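First comes the structure, then the notes that go with it.
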Protein chains: 2
Amino acid sequence: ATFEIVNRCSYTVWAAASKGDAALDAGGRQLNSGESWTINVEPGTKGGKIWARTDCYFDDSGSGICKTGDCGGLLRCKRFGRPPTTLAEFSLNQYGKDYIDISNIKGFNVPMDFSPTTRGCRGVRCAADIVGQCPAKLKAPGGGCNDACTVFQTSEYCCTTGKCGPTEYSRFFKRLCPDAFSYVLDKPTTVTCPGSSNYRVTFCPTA
Amino acid sequence: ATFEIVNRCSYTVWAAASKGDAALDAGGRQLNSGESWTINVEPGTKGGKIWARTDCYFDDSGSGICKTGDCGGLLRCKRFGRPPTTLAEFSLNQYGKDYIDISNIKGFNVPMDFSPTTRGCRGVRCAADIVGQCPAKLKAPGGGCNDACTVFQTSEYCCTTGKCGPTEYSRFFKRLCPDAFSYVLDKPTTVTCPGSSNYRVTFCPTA
């Protein structure tokens, strides 16, 4: 499958793509305002994610740090990034269909639209000013709005027992971005698309 | 080598022992106030660490969450824990010697003494009330005092370029615990002991 990743933000972002135990395509790349990066994701991929990283510094060997979404200090991510990170998530070719979603489960750093570029289903987006309206206890110094599990580390926020309800914090994310997952057991906002669809992820979709 | 881990705190802690890519011995265990756990660490081990975890909830299968030092939600740690975590660190049988230290590089959660139980060298300790005196910007909600790299994610605090100096934050840790590492390039506080020594790690040494 093909994914086109577009940076429409006024600032540079460092895109990342991984499946958690391995990079997807090159795994990461610098994207100046307006640039696009096209990656290829193998069919059957399950559990892939794409996110942006902000304020990064990398050396010549692609080793460094980012204030949001850092994946172990590497430019080419092989693992998931440190919150807060708005997430585009997907599993492809699962019994004939593709499943996509946007998640605020790991917080939010950049607004994003995640849409198919082929026919068959609709896209989802979370483009509210979540960082500006972020509750003080969840604001991250480096930038971004963390989720409550990352900050408080409780079974309720983290849904560790498999049982948990929405929370004051959950509802904040859901009020601003209803189409994104706000906590582990939120009613699913996943989109079902035809198997082998293609997509585009755009950061800072409104402009 | 043998390590005896003793909880002298008035509260329960969940001890953890890992080398980062694998558990050391069982990797983790609940320690009530006063309990001791003896583990065996293979000679030649490099890069091992022991730390305490606070406020944990685990199910019957040893899966759960801790407010400080959580290692992926497992009782038996295979990887390192999430800061803040006071760290006992060691590399054994390295050209005939053992090297030990205590580090505040990943913050501090519980006071600790790390001493040999065999002859040949001295122990180190960090038992100041770092959490009570913690700078507001570094206090962690779940409990503990984070280090500045974890909070701010800058190249200076994280020493990402290999060049960095002490900081307002670094000096706070070093003022209260001079014998522990306060930042990446701190002047070493490592202790050199005879190869194959044995040790004891005590949490909440003063009582």
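As shown in the structure tokens, the chain order sets the letters A, B, ...; within each chain, residues go from 1, and ligands are also counted from 1 in the order they appear.
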Inset, instruction - When you get a sec, could you note down which chain B residues fall within 12 Å of chain A, using only C-alpha atoms, as a VMD selection string? - result: chain B and resid 54 to 70 72 to 74 82 to 83 137 to 144 148 to 162
Restrict the selected residues to N, CA and C atoms and save them as a compact mmCIF listing (two decimals), in the first residue's frame.
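Contents of result_37.txt, freshly written:
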```txt
# COMPACT_ATOMS: atom_id res chain seq x y z
N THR B 54 7.02 1.86 42.92
CA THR B 54 6.09 2.17 43.98
C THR B 54 4.67 2.12 43.45
N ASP B 55 3.73 1.88 44.37
CA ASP B 55 2.34 1.87 44.07
C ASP B 55 2.00 1.05 42.86
N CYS B 56 2.18 -0.22 42.98
CA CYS B 56 1.88 -1.13 41.89
C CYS B 56 0.59 -1.91 42.10
N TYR B 57 -0.06 -2.31 41.03
CA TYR B 57 -1.20 -3.18 41.10
C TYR B 57 -0.88 -4.24 40.05
N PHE B 58 -0.86 -5.50 40.43
CA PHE B 58 -0.64 -6.63 39.51
C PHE B 58 -1.71 -7.73 39.64
N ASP B 59 -2.08 -8.31 38.52
CA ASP B 59 -3.06 -9.38 38.56
C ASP B 59 -2.37 -10.72 38.85
N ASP B 60 -3.16 -11.77 38.69
CA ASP B 60 -2.65 -13.08 38.90
C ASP B 60 -1.63 -13.50 37.93
N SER B 61 -1.68 -12.93 36.74
CA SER B 61 -0.67 -13.29 35.79
C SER B 61 0.59 -12.36 35.83
N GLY B 62 0.73 -11.45 36.83
CA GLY B 62 1.91 -10.57 36.93
C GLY B 62 1.95 -9.44 35.89
N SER B 63 0.77 -8.98 35.54
CA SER B 63 0.63 -7.92 34.58
C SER B 63 -0.12 -6.76 35.26
N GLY B 64 0.41 -5.52 35.13
CA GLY B 64 -0.27 -4.43 35.81
C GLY B 64 0.38 -3.08 35.57
N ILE B 65 0.42 -2.20 36.55
CA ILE B 65 0.98 -0.85 36.40
C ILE B 65 1.61 -0.42 37.75
N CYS B 66 2.59 0.50 37.70
CA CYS B 66 3.24 1.05 38.88
C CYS B 66 3.36 2.54 38.59
N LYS B 67 3.26 3.38 39.64
CA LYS B 67 3.35 4.80 39.46
C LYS B 67 4.79 5.25 39.22
N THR B 68 5.78 4.52 39.73
CA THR B 68 7.18 4.86 39.42
C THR B 68 7.88 3.58 39.01
N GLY B 69 8.82 3.66 38.05
CA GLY B 69 9.63 2.55 37.58
C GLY B 69 8.91 1.44 36.84
N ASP B 70 7.77 1.65 36.27
CA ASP B 70 7.06 0.55 35.58
C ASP B 70 7.86 0.05 34.42
N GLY B 72 7.10 -1.75 31.45
CA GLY B 72 6.15 -2.33 30.55
C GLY B 72 4.98 -3.01 31.23
N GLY B 73 4.55 -2.69 32.44
CA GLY B 73 3.36 -3.39 32.97
C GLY B 73 3.55 -4.84 33.48
N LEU B 74 4.78 -5.26 33.59
CA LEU B 74 5.06 -6.59 34.10
C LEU B 74 5.66 -6.60 35.50
N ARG B 82 10.32 2.97 33.73
CA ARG B 82 10.02 4.34 33.44
C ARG B 82 10.42 5.25 34.61
N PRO B 83 11.08 6.39 34.33
CA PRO B 83 11.49 7.32 35.37
C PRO B 83 10.26 7.88 36.07
N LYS B 137 9.14 22.08 38.95
CA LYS B 137 9.02 21.64 37.54
C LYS B 137 9.42 20.19 37.34
N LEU B 138 10.09 19.62 38.33
CA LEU B 138 10.53 18.20 38.15
C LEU B 138 9.66 17.21 38.95
N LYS B 139 8.78 17.71 39.83
CA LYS B 139 7.97 16.79 40.63
C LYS B 139 7.06 15.99 39.72
N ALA B 140 7.03 14.68 39.90
CA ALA B 140 6.18 13.77 39.11
C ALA B 140 4.88 13.50 39.91
N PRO B 141 3.71 13.63 39.27
CA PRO B 141 2.41 13.46 39.88
C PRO B 141 2.27 12.15 40.59
N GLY B 142 2.64 11.06 39.87
CA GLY B 142 2.61 9.68 40.40
C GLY B 142 3.51 9.47 41.60
N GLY B 143 4.45 10.36 41.80
CA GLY B 143 5.36 10.23 42.94
C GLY B 143 6.82 10.36 42.43
N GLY B 144 7.75 10.86 43.23
CA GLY B 144 9.11 10.94 42.68
C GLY B 144 9.49 12.29 42.12
N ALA B 148 15.80 16.27 34.58
CA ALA B 148 15.45 17.30 33.57
C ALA B 148 15.38 16.81 32.12
N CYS B 149 16.12 15.78 31.79
CA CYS B 149 16.06 15.26 30.42
C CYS B 149 14.71 14.66 30.18
N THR B 150 14.27 13.81 31.13
CA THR B 150 12.90 13.25 30.98
C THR B 150 11.83 14.33 30.85
N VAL B 151 11.86 15.41 31.63
CA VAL B 151 10.86 16.39 31.54
C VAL B 151 10.97 17.24 30.28
N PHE B 152 12.17 17.81 30.03
CA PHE B 152 12.33 18.87 28.97
C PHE B 152 12.78 18.41 27.58
N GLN B 153 13.40 17.26 27.53
CA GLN B 153 13.82 16.67 26.28
C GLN B 153 14.70 17.59 25.44
N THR B 154 15.73 18.21 26.06
CA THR B 154 16.64 19.09 25.27
C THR B 154 17.98 18.38 25.09
N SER B 155 18.77 18.77 24.07
CA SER B 155 20.12 18.21 23.96
C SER B 155 21.01 18.50 25.18
N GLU B 156 20.85 19.67 25.88
CA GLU B 156 21.67 20.01 27.02
C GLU B 156 21.35 19.05 28.16
N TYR B 157 20.08 18.87 28.45
CA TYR B 157 19.76 18.04 29.61
C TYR B 157 20.06 16.56 29.34
N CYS B 158 19.87 16.17 28.11
CA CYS B 158 20.03 14.78 27.68
C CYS B 158 21.43 14.47 27.21
N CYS B 159 22.27 15.50 27.07
CA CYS B 159 23.65 15.30 26.70
C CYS B 159 23.77 14.58 25.40
N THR B 160 22.78 14.82 24.56
CA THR B 160 22.73 14.13 23.28
C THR B 160 23.92 14.40 22.34
N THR B 161 24.64 15.50 22.46
CA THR B 161 25.67 15.61 21.45
C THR B 161 26.93 15.09 22.00
N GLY B 162 26.91 14.72 23.28
CA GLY B 162 28.13 14.23 23.87
C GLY B 162 28.81 15.40 24.54
```
Inset, instruction - Enumerate the residues of region 3-206 of chain B with a DSSP assignment of alpha helix (DSSP H), computed from the backbone, and present them as an NGL selection string. - result: :B and (130-133 or 148-152 or 155-158 or 168-176)
Inset, instruction - Would you please extract all strand (DSSP E or B) residues from region 3-184 of chain B, as assigned by DSSP on the backbone, and give them as a PyMOL selection string? - result: chain B and resi 3-7+13-18+23-31+36-40+48-58+63-68+74+87-94+97-103+108+112-116+124-126+139+145+181
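Proximity ranking of A:112, A:92, A:124, A:193 relative to residue 205 (chain A) places A:112 first, based on only C-alpha atoms.
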Inset, instruction - Find the distance between CA of residue 180 (chain A) and CA of residue 29 (chain A) and write it in Å to one decimal. - result: 24.9 Å
Legend entry - Counting only C-alpha atoms, the option among A:194, A:133, A:201, A:172 closest to residue 17 (chain A): A:201
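Between residue 95 (chain A) and the residues A:43, A:130, A:7, A:25, the shortest atom-to-atom distance, using only C-alpha atoms, involves A:43.
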Inset, instruction - For residue 181 (chain B), please output as a PyMOL selection string all residues within 7 Å (counting only C-alpha atoms; exclusion window: fewer than 5 positions along the same chain). - result: chain B and resi 102-105+186+188-189
Output for the residues just chosen: N, CA, C and O atoms as a short mmCIF file (atom, residue, chain, number, x, y, z; two decimals), in the first residue's frame:
```
data_model
loop_
_atom_site.label_atom_id
_atom_site.label_comp_id
_atom_site.auth_asym_id
_atom_site.auth_seq_id
_atom_site.Cartn_x
_atom_site.Cartn_y
_atom_site.Cartn_z
N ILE B 102 25.49 4.52 41.97
CA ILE B 102 24.10 4.88 42.12
C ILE B 102 23.99 6.06 41.15
O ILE B 102 24.91 6.91 41.09
N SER B 103 22.86 6.10 40.46
CA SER B 103 22.60 7.16 39.52
C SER B 103 21.24 7.85 39.70
O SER B 103 20.26 7.12 39.92
N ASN B 104 21.19 9.21 39.57
CA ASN B 104 19.99 10.03 39.59
C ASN B 104 19.70 10.56 38.19
O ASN B 104 18.87 11.49 37.98
N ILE B 105 20.40 9.96 37.26
CA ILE B 105 20.25 10.36 35.84
C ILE B 105 18.81 10.18 35.31
O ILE B 105 18.34 10.93 34.43
N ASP B 186 28.67 13.71 34.48
CA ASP B 186 29.16 14.07 35.77
C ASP B 186 30.52 13.40 36.08
O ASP B 186 30.85 12.36 35.54
N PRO B 188 32.63 10.90 37.49
CA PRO B 188 32.25 9.56 37.93
C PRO B 188 32.28 9.30 39.39
O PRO B 188 33.15 9.76 40.12
N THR B 189 31.27 8.61 39.84
CA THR B 189 31.23 8.30 41.25
C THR B 189 31.27 6.79 41.41
O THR B 189 30.94 6.21 42.45
#
```
Legend entry - Close residues, residue 77 (chain A) itself excluded, 7 Å, only C-alpha atoms, min 4 positions apart in chain, as an MDAnalysis selection string: chainID A and resid 16:18 23 27:28 71
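Interatomic distance, CA of residue 46 (chain B) to CA of residue 111 (chain B): 23.5 Å.
Here CA of residue 24 (chain B) and CA of residue 41 (chain B) stand 6.3 Å from one another.
Excluding residue 2 (chain A) itself and same-chain residues fewer than 6 positions from it, the residues having an atom within 8 Å of it are residues 38, 39, 40, 41, 198 and 199 of chain A, counting only C-alpha atoms.
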Produce a file of the selected residues containing C-alpha atoms, as a PDB file, in the first residue's frame.
```pdb
ATOM      1  CA  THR A  38       5.619   8.817  -0.036  1.00  0.00           C
ATOM      2  CA  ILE A  39       6.146   5.503   1.658  1.00  0.00           C
ATOM      3  CA  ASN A  40       5.321   1.969   0.832  1.00  0.00           C
ATOM      4  CA  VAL A  41       3.815  -0.281   3.450  1.00  0.00           C
ATOM      5  CA  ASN A 198      -4.046   3.877  -0.392  1.00  0.00           C
ATOM      6  CA  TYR A 199      -3.906   6.822   1.933  1.00  0.00           C
TER       7      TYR A 199
END
```
